[PDB]
Amino acid sequence: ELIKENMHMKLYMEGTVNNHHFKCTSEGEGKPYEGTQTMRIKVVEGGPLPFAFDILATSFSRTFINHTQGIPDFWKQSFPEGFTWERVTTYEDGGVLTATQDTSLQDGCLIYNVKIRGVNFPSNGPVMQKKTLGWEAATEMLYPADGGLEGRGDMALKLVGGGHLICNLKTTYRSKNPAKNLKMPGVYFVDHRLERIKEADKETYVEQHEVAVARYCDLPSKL
């Protein structure tokens with residue numbers, strides 16, 4: 001198909017966090033139908049970054065979600081034309097990271113272009129102090145709205161010394177491919193496990209893995 005059992009990806013990212021401008025690039029592969037992917041990321045401008053790379057983790061891939069139980073795949077269906085997402089992640093200690101993403105498909109490779117802005121991360125907080133240790137697993141809730149698809153869910157950031165810092169993610173997915181052509185779903189969920197596999201040179205190079213599965217709630221129902 002357009003989306004094969006193996007796919008490669010390329011990414012370009014520019015952003016500014018607390019006044020600090022940077023750029024990243026990356027390349028990866030995955031198995032979109034098994035819901036796995038790996039990305040290898042390099043900071044190419046503004047490095048070393050004065051903030052925890054972890055806050056950028058979710059901005060580097062919706063085509064690699066394994067859809068079970070017959071749930072329509074909002075993302076795989078949007079090709080050839082692809083899709084976009086817009087997100088705001090709000091941290092419980094004041095930090096706000098907004099990101100915009102275009103996903104395209106050209107010459108068989110998925111291309112990601114990302115623009116990011118973070119503001120008000122507190123100076124003595126663990127993001128700017130670089131006292132984080134990656135993300136816990138998480139569940140996302142998805143539902144249709146105003147001609148696109150909305151996601152919601154909290155994530156938990158692990159800290160040095162133990163403990164967690166929580167953020168809430170609000171995401172709008174919009175297909176560039178005309179609505180009538182995609183067969184939407186109702187409410188469903190996607191479980192994610194995003195793990196850092198390697199880093200080098202104070203997070204100038206980072207390798208990430210994600211596995212992701214879309215499913216319904218399996219709990220019995222009285223209705």
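Residue numbers run from 1 in the order of the sequence given. Atom set for the values below is all heavy atoms of this structure, side chains included, hydrogens, waters and symmetry mates excluded.
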- prompt: Is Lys76 reaching over with its side chain to a backbone N or O of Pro32, donor-acceptor style, under 3.5 angstrom?
  reply: yes
*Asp146 CG: over 12 foreign heavy atoms closer than 6.0 Å*: no
The side-chain contact (heavy atoms from CB on, under 4.5 Å) partner of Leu142 among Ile71, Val187, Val190 is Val190
Query raised in the report: Going by atom types only, do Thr36 and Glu34 share a side-chain donor-acceptor pair under 3.5 Å?
Result: no
Discussion item. Would you say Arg215 and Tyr188 are linked by a side-chain donor-acceptor pair, where the criterion is simply a distance under 3.5 Å?
Written reply: no
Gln77 (side chain) donor-acceptor with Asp73 (main chain) under 3.5 angstrom: yes
(message) Quick one about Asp54 and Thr132 (side-chain donor to acceptor, distance below 3.5 Å, no hydrogens or angles considered), yes or no?
(response) yes
Please indicate whether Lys131 has more than 12 foreign heavy atoms, meaning atoms of other residues, nucleotides or ligands, lying under 6.0 Å from its NZ.
no
**Message:** For a quick check under 3.5 Å, do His192 and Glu210 share a side-chain donor-acceptor pair by atom type?
**Reply:** yes
Does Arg193 form a salt bridge (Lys or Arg N to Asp or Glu O under 4.0 Å) with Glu136? I'd like the steps, not just the answer.
CA-CA 7 Å; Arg193 184 183 311 277; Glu136 299 285 8; over 6 Å; no
task: Would you tell me whether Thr84 and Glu86 have side-chain atoms, one donor and one acceptor, within less than 3.5 Å of each other?
output: no
Please check: side-chain N/O of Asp191 versus main-chain N/O of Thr139, any donor-acceptor pairing under 3.5 Å?
no
Check your understanding: Is it true that atom NZ of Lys158 has more than 12 heavy atoms of other residues, nucleotides or ligands lying nearer than 6.0 Å?
Key -> yes
4.5 Å side-chain heavy-atom contact, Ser26 and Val206: no
Just by distance, do the side chain of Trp85 and the backbone of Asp102 share a donor-acceptor pair under 3.5 Å? no
So do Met7 and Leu105 actually touch side chain to side chain, heavy atoms under 4.5 Å?
-> yes
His20 and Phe51 aromatic ring geometry - parallel, tilted or perpendicular at 30°/60° bounds: perpendicular
**Prompt:** Would you find a donor on one side and an acceptor on the other, under 3.5 Å apart, between the side chain of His67 and the backbone of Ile65?
**Reply:** yes
Interatomic distance, NZ@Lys170 vs OG1@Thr98, rounded to 0.5 Å, equals 13.0 Å
Are the side chain of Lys4 and the backbone of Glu1 linked by a donor-acceptor contact shorter than 3.5 Å?
yes
| said: Can you see whether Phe79 has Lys176 sitting over its ring - NZ or CZ less than 6.0 Å from the centre and within 45° of the normal? | reply: no
(Q) With clusters defined by side-chain heavy atoms of hydrophobic residues (ILVMFWY) lying less than 4.5 Å apart, directly or transitively, does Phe64 cluster with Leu169? (A) yes
Original post:
Hey, does the side chain of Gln69 reach the backbone of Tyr216 with a donor-acceptor pair shorter than 3.5 angstrom?
Top reply: yes
Exercise. Do other residues, nucleotides or ligands put more than 12 heavy atoms under 6.0 Å from the CZ atom of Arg117?
Worked result: no
**Report entry** same_hphob_cluster(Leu194, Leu157) at 4.5 Å side-chain heavy-atom cutoff
**Finding:** no
Group every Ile, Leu, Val, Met, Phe, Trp and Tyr by side-chain heavy-atom contacts under 4.5 Å, then state whether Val127 and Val96 land in the same group. no
Tell me if the aromatic rings of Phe53 and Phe60 count as close, with their centers under 6.0 Å from one another.
yes
Please answer whether the main-chain N or O of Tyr112 pairs with a side-chain N or O of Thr103 as donor and acceptor at a distance below 3.5 Å.
no
* Do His8 and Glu27 have side-chain atoms, one donor and one acceptor, less than 3.5 Å apart? -> no
Can the ring centres of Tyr91 and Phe121 be said to be less than 6.0 Å apart? yes
Q. Any donor-acceptor pair under 3.5 Å linking the side chain of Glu14 with the backbone of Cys24?
A. no
**Message:** Is there a side-chain contact between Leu165 and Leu159 in this structure, where contact means two heavy atoms from C-beta onward sitting under 4.5 Å apart?
**Reply:** yes
Close side-chain approach of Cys167 and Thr90, heavy atoms under 4.5 Å:
no
inquiry  = Taking the side chain as everything from C-beta on, heavy atoms only, tell me whether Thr63 gets closer than 4.5 Å to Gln37.
reply    = no
Looking only at heavy atoms, the pair that brings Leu149 and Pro144 closest together is CD1-N, 4.0 Å
Any donor and acceptor pair, going by atom type alone, linking the side chain of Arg87 with main-chain N or O of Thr58 inside 3.5 Å?
yes
Test of understanding: clusters of I, L, V, M, F, W, Y form through side-chain heavy atoms closer than 4.5 Å, transitively. Do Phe189 and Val213 belong to the same one? no
Legend entry - Modelled atom types, side-chain donor and acceptor of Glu150 and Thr171, under 3.5 Å: no
Of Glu207, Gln208, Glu29, the one forming a side-chain hydrogen bond (donor to acceptor under 3.5 Å, both in side chains) with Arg40 is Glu29
Beyond-backbone contact of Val17 with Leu49, side-chain heavy atoms, under 4.5 angstrom: no
Hey, are the side chains of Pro80 and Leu2 touching, using non-hydrogen atoms and a 4.5 Å cut-off? yes
inquiry  = Do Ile116 and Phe83 sit in one hydrophobic cluster, given that two such residues count as connected whenever their side-chain heavy atoms are within less than 4.5 Å of each other, even indirectly?
reply    = yes
